[PDB]
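So the structure is just underneath, and the comments pick up after that.
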Amino acid sequence: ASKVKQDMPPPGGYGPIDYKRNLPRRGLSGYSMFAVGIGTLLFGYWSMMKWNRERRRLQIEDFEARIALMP
Amino acid sequence: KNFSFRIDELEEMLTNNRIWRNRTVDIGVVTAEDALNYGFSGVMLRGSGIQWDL
């Protein structure tokens, strides 16, 4: 005496189902990354130049200590 | 409604990877005429440009 009951889609329909590709760009420009790399290299070069000059001075100092002790 | 994002993740892993393209591009190339004569069907046809779907 009841209505016919069956597995049916809801009245109206279903919400949209996405199927198309989604691969967003999400990236910097090439110039930006190249510039960051070059700037990092230059900063490292300057730091290493200072440190190596100081190291050469220290080496000279301890070499002179050896020279003083040699006789 | 959620399977598309899984496809997107798989495609992020494989499609643009240069190792994947180096392993798959120009490997096992078959011509349309040879595919038709050798009895191929499905994607093995449609990969050669043959416009056929049952």
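Every chain in the structure tokens takes a letter, A first, then B, and so on in the order presented; its residues are numbered from 1, and the ligands are numbered from 1 following the presented order.
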Practice problem: Write down, as a ChimeraX atom specification, each residue of chain B that has any atom within 7 Å of an atom of chain A, counting only C-alpha atoms. | Solution: /B:1,4,8,12
Alpha helix (DSSP H) positions in chain A, given as a PDB file with N, CA and C atoms, in the first residue's frame:
```
ATOM      1  N   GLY A  30      62.104  32.797 -14.347  1.00  0.00           N
ATOM      2  CA  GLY A  30      63.471  32.308 -14.440  1.00  0.00           C
ATOM      3  C   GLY A  30      64.491  33.332 -13.985  1.00  0.00           C
ATOM      4  N   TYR A  31      64.280  34.599 -14.357  1.00  0.00           N
ATOM      5  CA  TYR A  31      65.197  35.656 -13.943  1.00  0.00           C
ATOM      6  C   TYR A  31      65.290  35.741 -12.427  1.00  0.00           C
ATOM      7  N   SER A  32      64.169  35.549 -11.731  1.00  0.00           N
ATOM      8  CA  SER A  32      64.178  35.642 -10.275  1.00  0.00           C
ATOM      9  C   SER A  32      65.090  34.588  -9.659  1.00  0.00           C
ATOM     10  N   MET A  33      64.930  33.331 -10.074  1.00  0.00           N
ATOM     11  CA  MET A  33      65.738  32.255  -9.508  1.00  0.00           C
ATOM     12  C   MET A  33      67.208  32.415  -9.878  1.00  0.00           C
ATOM     13  N   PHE A  34      67.484  32.798 -11.128  1.00  0.00           N
ATOM     14  CA  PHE A  34      68.871  33.025 -11.524  1.00  0.00           C
ATOM     15  C   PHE A  34      69.502  34.147 -10.705  1.00  0.00           C
ATOM     16  N   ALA A  35      68.759  35.234 -10.484  1.00  0.00           N
ATOM     17  CA  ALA A  35      69.278  36.351  -9.703  1.00  0.00           C
ATOM     18  C   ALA A  35      69.540  35.946  -8.260  1.00  0.00           C
ATOM     19  N   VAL A  36      68.631  35.168  -7.666  1.00  0.00           N
ATOM     20  CA  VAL A  36      68.843  34.706  -6.296  1.00  0.00           C
ATOM     21  C   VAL A  36      70.106  33.857  -6.212  1.00  0.00           C
ATOM     22  N   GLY A  37      70.297  32.956  -7.178  1.00  0.00           N
ATOM     23  CA  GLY A  37      71.497  32.132  -7.174  1.00  0.00           C
ATOM     24  C   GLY A  37      72.772  32.946  -7.299  1.00  0.00           C
ATOM     25  N   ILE A  38      72.786  33.901  -8.230  1.00  0.00           N
ATOM     26  CA  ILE A  38      73.983  34.713  -8.433  1.00  0.00           C
ATOM     27  C   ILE A  38      74.278  35.562  -7.200  1.00  0.00           C
ATOM     28  N   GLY A  39      73.241  36.138  -6.585  1.00  0.00           N
ATOM     29  CA  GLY A  39      73.456  36.924  -5.380  1.00  0.00           C
ATOM     30  C   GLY A  39      74.003  36.098  -4.234  1.00  0.00           C
ATOM     31  N   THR A  40      73.478  34.880  -4.062  1.00  0.00           N
ATOM     32  CA  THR A  40      74.012  33.988  -3.040  1.00  0.00           C
ATOM     33  C   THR A  40      75.480  33.675  -3.301  1.00  0.00           C
ATOM     34  N   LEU A  41      75.829  33.419  -4.565  1.00  0.00           N
ATOM     35  CA  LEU A  41      77.221  33.143  -4.900  1.00  0.00           C
ATOM     36  C   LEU A  41      78.119  34.329  -4.577  1.00  0.00           C
ATOM     37  N   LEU A  42      77.673  35.543  -4.903  1.00  0.00           N
ATOM     38  CA  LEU A  42      78.495  36.723  -4.641  1.00  0.00           C
ATOM     39  C   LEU A  42      78.693  36.947  -3.143  1.00  0.00           C
ATOM     40  N   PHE A  43      77.631  36.770  -2.353  1.00  0.00           N
ATOM     41  CA  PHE A  43      77.761  36.905  -0.904  1.00  0.00           C
ATOM     42  C   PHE A  43      78.755  35.891  -0.348  1.00  0.00           C
ATOM     43  N   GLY A  44      78.649  34.638  -0.800  1.00  0.00           N
ATOM     44  CA  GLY A  44      79.598  33.628  -0.365  1.00  0.00           C
ATOM     45  C   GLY A  44      81.025  33.957  -0.761  1.00  0.00           C
ATOM     46  N   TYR A  45      81.214  34.468  -1.979  1.00  0.00           N
ATOM     47  CA  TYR A  45      82.553  34.820  -2.444  1.00  0.00           C
ATOM     48  C   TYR A  45      83.168  35.904  -1.570  1.00  0.00           C
ATOM     49  N   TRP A  46      82.384  36.932  -1.235  1.00  0.00           N
ATOM     50  CA  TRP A  46      82.906  38.013  -0.400  1.00  0.00           C
ATOM     51  C   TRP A  46      83.282  37.507   0.992  1.00  0.00           C
ATOM     52  N   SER A  47      82.406  36.703   1.603  1.00  0.00           N
ATOM     53  CA  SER A  47      82.711  36.157   2.922  1.00  0.00           C
ATOM     54  C   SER A  47      83.976  35.305   2.885  1.00  0.00           C
ATOM     55  N   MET A  48      84.094  34.442   1.873  1.00  0.00           N
ATOM     56  CA  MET A  48      85.249  33.560   1.785  1.00  0.00           C
ATOM     57  C   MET A  48      86.529  34.337   1.522  1.00  0.00           C
ATOM     58  N   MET A  49      86.454  35.418   0.741  1.00  0.00           N
ATOM     59  CA  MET A  49      87.633  36.246   0.509  1.00  0.00           C
ATOM     60  C   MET A  49      88.147  36.840   1.813  1.00  0.00           C
ATOM     61  N   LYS A  50      87.245  37.428   2.605  1.00  0.00           N
ATOM     62  CA  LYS A  50      87.669  37.974   3.895  1.00  0.00           C
ATOM     63  C   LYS A  50      88.284  36.892   4.776  1.00  0.00           C
ATOM     64  N   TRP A  51      87.598  35.751   4.888  1.00  0.00           N
ATOM     65  CA  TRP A  51      88.053  34.708   5.799  1.00  0.00           C
ATOM     66  C   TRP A  51      89.405  34.149   5.370  1.00  0.00           C
ATOM     67  N   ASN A  52      89.615  33.980   4.063  1.00  0.00           N
ATOM     68  CA  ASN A  52      90.876  33.426   3.589  1.00  0.00           C
ATOM     69  C   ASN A  52      92.025  34.408   3.752  1.00  0.00           C
ATOM     70  N   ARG A  53      91.777  35.710   3.575  1.00  0.00           N
ATOM     71  CA  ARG A  53      92.837  36.675   3.857  1.00  0.00           C
ATOM     72  C   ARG A  53      93.236  36.637   5.330  1.00  0.00           C
ATOM     73  N   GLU A  54      92.246  36.563   6.225  1.00  0.00           N
ATOM     74  CA  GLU A  54      92.564  36.454   7.647  1.00  0.00           C
ATOM     75  C   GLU A  54      93.352  35.179   7.942  1.00  0.00           C
ATOM     76  N   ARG A  55      92.973  34.070   7.305  1.00  0.00           N
ATOM     77  CA  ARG A  55      93.680  32.810   7.512  1.00  0.00           C
ATOM     78  C   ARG A  55      95.128  32.898   7.043  1.00  0.00           C
ATOM     79  N   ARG A  56      95.368  33.573   5.916  1.00  0.00           N
ATOM     80  CA  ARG A  56      96.740  33.758   5.450  1.00  0.00           C
ATOM     81  C   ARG A  56      97.558  34.561   6.453  1.00  0.00           C
ATOM     82  N   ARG A  57      96.964  35.616   7.017  1.00  0.00           N
ATOM     83  CA  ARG A  57      97.677  36.389   8.035  1.00  0.00           C
ATOM     84  C   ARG A  57      98.024  35.529   9.248  1.00  0.00           C
ATOM     85  N   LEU A  58      97.076  34.705   9.702  1.00  0.00           N
ATOM     86  CA  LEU A  58      97.338  33.837  10.850  1.00  0.00           C
ATOM     87  C   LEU A  58      98.444  32.830  10.548  1.00  0.00           C
ATOM     88  N   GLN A  59      98.435  32.270   9.335  1.00  0.00           N
ATOM     89  CA  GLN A  59      99.485  31.338   8.943  1.00  0.00           C
ATOM     90  C   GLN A  59     100.849  32.010   8.965  1.00  0.00           C
ATOM     91  N   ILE A  60     100.927  33.245   8.462  1.00  0.00           N
ATOM     92  CA  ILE A  60     102.189  33.980   8.503  1.00  0.00           C
ATOM     93  C   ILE A  60     102.647  34.170   9.944  1.00  0.00           C
ATOM     94  N   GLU A  61     101.714  34.494  10.841  1.00  0.00           N
ATOM     95  CA  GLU A  61     102.087  34.718  12.237  1.00  0.00           C
ATOM     96  C   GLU A  61     102.676  33.459  12.872  1.00  0.00           C
ATOM     97  N   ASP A  62     102.031  32.305  12.670  1.00  0.00           N
ATOM     98  CA  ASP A  62     102.574  31.103  13.307  1.00  0.00           C
ATOM     99  C   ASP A  62     103.853  30.625  12.619  1.00  0.00           C
ATOM    100  N   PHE A  63     103.996  30.885  11.316  1.00  0.00           N
ATOM    101  CA  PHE A  63     105.268  30.615  10.650  1.00  0.00           C
ATOM    102  C   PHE A  63     106.389  31.445  11.262  1.00  0.00           C
ATOM    103  N   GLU A  64     106.106  32.707  11.586  1.00  0.00           N
ATOM    104  CA  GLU A  64     107.116  33.538  12.231  1.00  0.00           C
ATOM    105  C   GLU A  64     107.417  33.068  13.646  1.00  0.00           C
ATOM    106  N   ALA A  65     106.421  32.526  14.348  1.00  0.00           N
ATOM    107  CA  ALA A  65     106.702  31.894  15.637  1.00  0.00           C
ATOM    108  C   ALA A  65     107.698  30.748  15.474  1.00  0.00           C
ATOM    109  N   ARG A  66     107.482  29.906  14.461  1.00  0.00           N
ATOM    110  CA  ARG A  66     108.433  28.833  14.175  1.00  0.00           C
ATOM    111  C   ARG A  66     109.819  29.390  13.875  1.00  0.00           C
ATOM    112  N   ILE A  67     109.877  30.457  13.079  1.00  0.00           N
ATOM    113  CA  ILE A  67     111.159  31.055  12.715  1.00  0.00           C
ATOM    114  C   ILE A  67     111.889  31.548  13.956  1.00  0.00           C
ATOM    115  N   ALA A  68     111.161  32.191  14.869  1.00  0.00           N
ATOM    116  CA  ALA A  68     111.769  32.665  16.106  1.00  0.00           C
ATOM    117  C   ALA A  68     112.296  31.508  16.944  1.00  0.00           C
ATOM    118  N   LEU A  69     111.573  30.387  16.970  1.00  0.00           N
ATOM    119  CA  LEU A  69     112.009  29.260  17.790  1.00  0.00           C
ATOM    120  C   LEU A  69     113.104  28.415  17.143  1.00  0.00           C
TER     121      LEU A  69
END
```
Do a neighbour search on stretch 27-38 of chain B at 9 Å with only C-alpha atoms, toss out local chain neighbours closer than 5 positions, and write the hits as an mmCIF file with N, CA and C atoms, in the first residue's frame.
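What follows is the written file part-v8.cif:
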```
data_model
loop_
_atom_site.group_PDB
_atom_site.id
_atom_site.type_symbol
_atom_site.label_atom_id
_atom_site.label_comp_id
_atom_site.auth_asym_id
_atom_site.auth_seq_id
_atom_site.Cartn_x
_atom_site.Cartn_y
_atom_site.Cartn_z
ATOM 1 N N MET B 44 46.074 1.137 -27.973
ATOM 2 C CA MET B 44 47.147 0.775 -28.891
ATOM 3 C C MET B 44 46.854 1.212 -30.319
ATOM 4 N N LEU B 45 45.582 1.401 -30.668
ATOM 5 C CA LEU B 45 45.226 2.080 -31.906
ATOM 6 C C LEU B 45 45.244 3.593 -31.741
ATOM 7 N N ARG B 46 44.566 4.095 -30.709
ATOM 8 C CA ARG B 46 44.348 5.524 -30.553
ATOM 9 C C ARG B 46 45.618 6.280 -30.200
ATOM 10 N N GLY B 47 46.666 5.580 -29.761
ATOM 11 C CA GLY B 47 47.949 6.226 -29.569
ATOM 12 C C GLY B 47 48.634 6.602 -30.862
ATOM 13 N N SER B 48 48.254 5.970 -31.971
ATOM 14 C CA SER B 48 48.841 6.252 -33.273
ATOM 15 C C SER B 48 48.006 7.225 -34.095
ATOM 16 N N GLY B 49 47.005 7.856 -33.488
ATOM 17 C CA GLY B 49 46.171 8.815 -34.176
ATOM 18 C C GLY B 49 44.941 8.244 -34.843
ATOM 19 N N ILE B 50 44.689 6.943 -34.708
ATOM 20 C CA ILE B 50 43.509 6.346 -35.317
ATOM 21 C C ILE B 50 42.282 6.706 -34.492
#
```
Quiz item: So what do you get for atom CA of residue A:25 versus atom CA of residue B:15, distance-wise?
Solution: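 Taking atom CA of residue A:25 and atom CA of residue B:15, their separation equals 14.1 Å.
In this structure, atom CA of residue B:7 sits 26.7 Å away from atom CA of residue B:40.
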